[PDB]
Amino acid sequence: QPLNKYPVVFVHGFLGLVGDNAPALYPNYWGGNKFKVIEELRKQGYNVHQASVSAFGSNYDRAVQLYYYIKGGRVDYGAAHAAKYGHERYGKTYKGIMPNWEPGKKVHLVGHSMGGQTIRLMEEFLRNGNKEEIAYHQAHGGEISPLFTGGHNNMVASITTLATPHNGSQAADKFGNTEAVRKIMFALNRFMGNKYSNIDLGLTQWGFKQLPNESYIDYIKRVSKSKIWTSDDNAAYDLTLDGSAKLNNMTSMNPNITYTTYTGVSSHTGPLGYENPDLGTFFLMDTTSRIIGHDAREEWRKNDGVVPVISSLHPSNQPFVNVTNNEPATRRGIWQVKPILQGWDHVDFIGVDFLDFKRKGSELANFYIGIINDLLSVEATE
């Protein structure tokens, strides 16, 4: 007797930390102080959860971790993957939200931004398996995680994405996947691995956890040899146009799943055809909104501060249909693209823009009730 038959799992994006893993003073990811998504939907009789997965890691690593967060158990990235990229095979161990998750017992998945790519990858592994792992365990025996087997169906009812960079973002390509910024991010991760740190930024599999008796000097020296510094097995790569197109090229539609996208615009056309961020765009996205909005290709300009619209609407090589706000969003197997939220930047989707008074709590509450209602109607039309 929750009102939804299937548990709802909200999956954060690229930078986010949740629950026990957030620093001392740090915004609440799912709703900021505008609408406490988890707490308020629960007060309403819904069974909902926020996943906690790697903040800086690849979609791959995140999809595996999402699997273990739902099922419970010790993260297994796969032998073949671990050896090819140069990081640990085994990771955190999760309590598990639905230990009985299996064909027939389903979950709804909602992902903000990179969360939406993560969800699509995890589901691809459940349905189709991972060819490199099946081959290797056949070549080398031992174990293979049931995440990599293939043949798992009827496990996810829905995949809904909010401001997801399905075709990547120039803010990754031109900033950020660049070498200087990857170093900044990896240095942060090294520092947050220190022996006084209680928080996990998601790259401990590459060596970034200082041992209780290791000096910080020996720590620096050891971790400067990790392959993280030059690998593509990280978020910044995956959020690039190439990195996201690679994910599109190996995913496909499950005809049994309900697909739906939401997209925000927070830029406006300037006298030359370029896009500039609206007053109101959370200010940390000002430069990235300009870089996107000055693209040479006109259709790659309109953006939500960090993801252009042509990237959020749907993966470019996958089937989609434009839907009105009033249509039940209840077609299976095709991306149902919601009308664009005017004025919503990338973080207004999760209510942490505490400086934008145009975007209020009661608006954000209607937006999330609206998604639960669509999910209730997936349940009813099955």
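All residue numbers refer to positions in the sequence shown, first residue = 1. Take the two forms, superpose them, and find the largest set of C-alpha atoms that agree within 1.5 Å; that set is the rigid core.
Core superposition of the other structures onto this form places the C-alphas of 135 to 143 farther off in 5 other deposited structures of this protein than those of the other stretch among 293 to 301 and 135 to 143.
For the two regions 268 to 276 and 307 to 315, the entry's Cα B-factors average higher over 268 to 276. Between the stretches 214 to 222 and 92 to 100, it is 92 to 100 that shows the larger average CA temperature factor. For the set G176, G202, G115, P165, the PDB entry puts the maximum C-alpha B factor at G176. The entry assigns its greatest Cα B factor, within the set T263, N189, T287, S252, to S252. Compared with the other modelled residues of the chain, the Cα B-factor recorded for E132 ranks in the highest third. The PDB entry assigns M155 a C-alpha temperature factor belonging to the highest third of its chain's modelled residues.
When the modelled residues of the chain are ordered by C-alpha B-factor, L41 sits in the middle third.
When all modelled residues of the chain are sorted by CA temperature factor, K106 is found within the highest third. Per-chain ranking of the deposited C-alpha B factor places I292 in the middle third.
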